[PDB]
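S.K.: One structure, pasted below without further comment.
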Amino acid sequence: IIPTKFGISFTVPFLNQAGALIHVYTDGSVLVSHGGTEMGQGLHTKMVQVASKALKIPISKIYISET
Amino acid sequence: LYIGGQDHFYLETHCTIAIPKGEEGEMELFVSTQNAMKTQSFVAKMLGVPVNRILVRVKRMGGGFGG
Ligand code: XAX
Ligand SMILES: O=C(O)c1ccccc1O
């Protein structure tokens with residue numbers, strides 16, 4: 001049986017920064033763009049869940065297309 | 001008094017390329033238009049898809065003049 005601890009952050013301080021860009025179109029559909037990429041880890045899935053919670057709207061009105 | 005109408009005669013006529021991305025109704029369009037917004041909406045409405053799915057790109061027009 002083995003434990004682990006693992007430090008969270010970039011050890012270069014200036015990399016710990018992050019931008020997003022959001023548009024709401026006139027049918028109310030939402031386009032989210034942020035600096036992260038999807039490699040299978042479900043980042044975009046998580047970002048849609050965060051946006052839907054923050055905006056108080058269904059996930060079906062929110063979309064992430066690409067980085 | 002009467003005044004006759006007029007043809008725009010932009011040297012470049014109307015033109016559109018549409019790329020369907022195969023995922024979630026996404027479509028990317030290159031179009032000779034003064035109105036990328038209404039282009040985006042009209043295409044979304046015809047497809048029965050949210051606006052956030054449709055991307056319109058306009059580099060330049062060979063004339064528009066309102067036409
Ligand atoms: N070379 C060239 N010049 C042009 C145009 C053009 O296609 N080519 N057309 C006009 C029109 S027609 Mo209209 O209200 O949509 S009826 S307004 C308008 C105007 C739009 O351009 P801003 O001046 O707002 O940047 O450009 C003018 N000059
Ligand atoms: O500290 C890290 O884990 C790290 C990871 C990726 C790139 C630069 C970094 O400092």
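Chain labels follow the order of the structure tokens: the first chain is A, the next B, and so on; residue numbering restarts at 1 in every chain, and ligands are counted from 1 in their shown order.
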Can you list, as a list in words, every protein, DNA or RNA residue that comes within 8 Å of stretch 6-11 of chain B when you count only C-alpha atoms, leaving out same-chain residues fewer than 4 positions away?
M.R.: residues 62, 63, 64, 65, 66 and 67 of chain B
S.K.: Take the residues from that selection and put them in a file with C-alpha atoms, as an mmCIF file, in the first residue's frame.
M.R.:
data_model
loop_
_atom_site.group_PDB
_atom_site.id
_atom_site.type_symbol
_atom_site.label_atom_id
_atom_site.label_comp_id
_atom_site.auth_asym_id
_atom_site.auth_seq_id
_atom_site.Cartn_x
_atom_site.Cartn_y
_atom_site.Cartn_z
ATOM 1 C CA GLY B 62 -14.875 42.407 -54.973
ATOM 2 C CA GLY B 63 -17.520 45.125 -54.509
ATOM 3 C CA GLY B 64 -20.754 45.004 -52.410
ATOM 4 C CA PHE B 65 -22.461 48.414 -52.757
ATOM 5 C CA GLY B 66 -25.426 47.246 -50.683
ATOM 6 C CA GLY B 67 -26.070 44.289 -52.967
#
S.K.: Wanna dump the chain A-ligand 2 contacts at 6 Å for me, each residue with its shortest atom pair and the distance in Å to one decimal, counting only C-alpha atoms and all ligand atoms, ordered by chain and number, as a Markdown table?
M.R.:
| residue | atom | partner | partner_atom_place_in_ligand_line | distance |
| --- | --- | --- | --- | --- |
| A:10 | CA | ligand 2 | 1 (O) | 3.7 |
| A:11 | CA | ligand 2 | 1 (O) | 3.6 |
| A:12 | CA | ligand 2 | 10 (O) | 4.6 |
S.K.: Which is closer to ligand 1 than all the others in B:60, B:24, B:41, B:4, using only C-alpha atoms and all ligand atoms?
M.R.: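 For ligand 1, the nearest of the given residues is B:60.
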S.K.: What gap, in Å, lies between atom CA of residue A:47 and atom CA of residue A:63?
M.R.: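 Interatomic distance, atom CA of residue A:47 to atom CA of residue A:63: 9.5 Å.
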S.K.: Compare B:13, B:27, B:1, B:18 by their minimum atom-to-atom distance to ligand 1, counting only C-alpha atoms and all ligand atoms, and give me the closest one.
M.R.: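 Of B:13, B:27, B:1, B:18, the one nearest ligand 1 is B:13, counting only C-alpha atoms and all ligand atoms.
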S.K.: Within 6 Å of chain B, which residues of chain A are there when counting only C-alpha atoms? Please give them as a list in words.
M.R.: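 Residues satisfying the distance criterion: residues 29, 30 and 31 of chain A.
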S.K.: Please save N, CA and C atoms of the selected residues as a PDB file, in the first residue's frame.
M.R.:
ATOM      1  N   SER A  29     -28.050  31.075 -28.275  1.00  0.00           N
ATOM      2  CA  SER A  29     -27.019  30.027 -28.254  1.00  0.00           C
ATOM      3  C   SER A  29     -25.673  30.650 -27.881  1.00  0.00           C
ATOM      4  N   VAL A  30     -24.835  29.877 -27.210  1.00  0.00           N
ATOM      5  CA  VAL A  30     -23.628  30.416 -26.614  1.00  0.00           C
ATOM      6  C   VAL A  30     -22.376  29.718 -27.206  1.00  0.00           C
ATOM      7  N   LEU A  31     -21.372  30.507 -27.594  1.00  0.00           N
ATOM      8  CA  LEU A  31     -20.110  29.908 -28.061  1.00  0.00           C
ATOM      9  C   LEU A  31     -18.985  30.245 -27.101  1.00  0.00           C
TER      10      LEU A  31
END
S.K.: What's the 12 Å shell around residue A:55, counting only C-alpha atoms, without same-chain residues fewer than 2 positions away, as a ChimeraX atom specification?
M.R.: /A:22,24,28-30,32,47-53,57-59,61-62
S.K.: For the residues selected in the previous step, produce a file with C-alpha atoms as a short mmCIF file (atom, residue, chain, number, x, y, z; two decimals), in the first residue's frame.
M.R.:
data_model
loop_
_atom_site.label_atom_id
_atom_site.label_comp_id
_atom_site.auth_asym_id
_atom_site.auth_seq_id
_atom_site.Cartn_x
_atom_site.Cartn_y
_atom_site.Cartn_z
CA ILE A 22 -17.64 34.02 -24.90
CA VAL A 24 -24.00 34.83 -26.96
CA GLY A 28 -29.44 32.83 -27.23
CA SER A 29 -27.02 30.03 -28.25
CA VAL A 30 -23.63 30.42 -26.61
CA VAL A 32 -17.35 29.35 -25.55
CA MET A 47 -16.03 23.81 -19.36
CA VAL A 48 -19.57 23.37 -20.74
CA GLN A 49 -20.67 22.15 -17.28
CA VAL A 50 -19.07 25.19 -15.60
CA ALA A 51 -20.58 27.61 -18.13
CA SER A 52 -24.05 26.10 -17.83
CA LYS A 53 -23.84 26.40 -14.05
CA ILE A 57 -28.94 27.70 -18.63
CA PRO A 58 -29.08 24.11 -20.02
CA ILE A 59 -25.90 22.57 -21.46
CA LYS A 61 -27.49 25.97 -25.40
CA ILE A 62 -23.68 26.02 -24.97
#
S.K.: From a backbone DSSP assignment, name each residue in chain B labelled strand (DSSP E), as a list in words.
M.R.: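 After running DSSP on the backbone, chain B has strand (DSSP E) at residues 16, 17, 18, 19, 20, 27, 28, 29, 30, 31, 54, 55, 56 and 57 of chain B.
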S.K.: From the set B:33, B:48, B:55, B:17, which residue has the shortest atom-to-atom contact distance to ligand 1, counting only C-alpha atoms and all ligand atoms?
M.R.: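 Among the listed residues, the smallest separation from ligand 1 belongs to B:33.
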S.K.: Just list the residues in stretch 12-57 of chain B DSSP gives helix (DSSP H, G or I) on the backbone, as a list in words.
M.R.: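 DSSP on the backbone gives helix (DSSP H, G or I) at residues 36, 37, 38, 39, 40, 41, 42, 43, 44, 45, 46, 47, 51, 52 and 53 of chain B.
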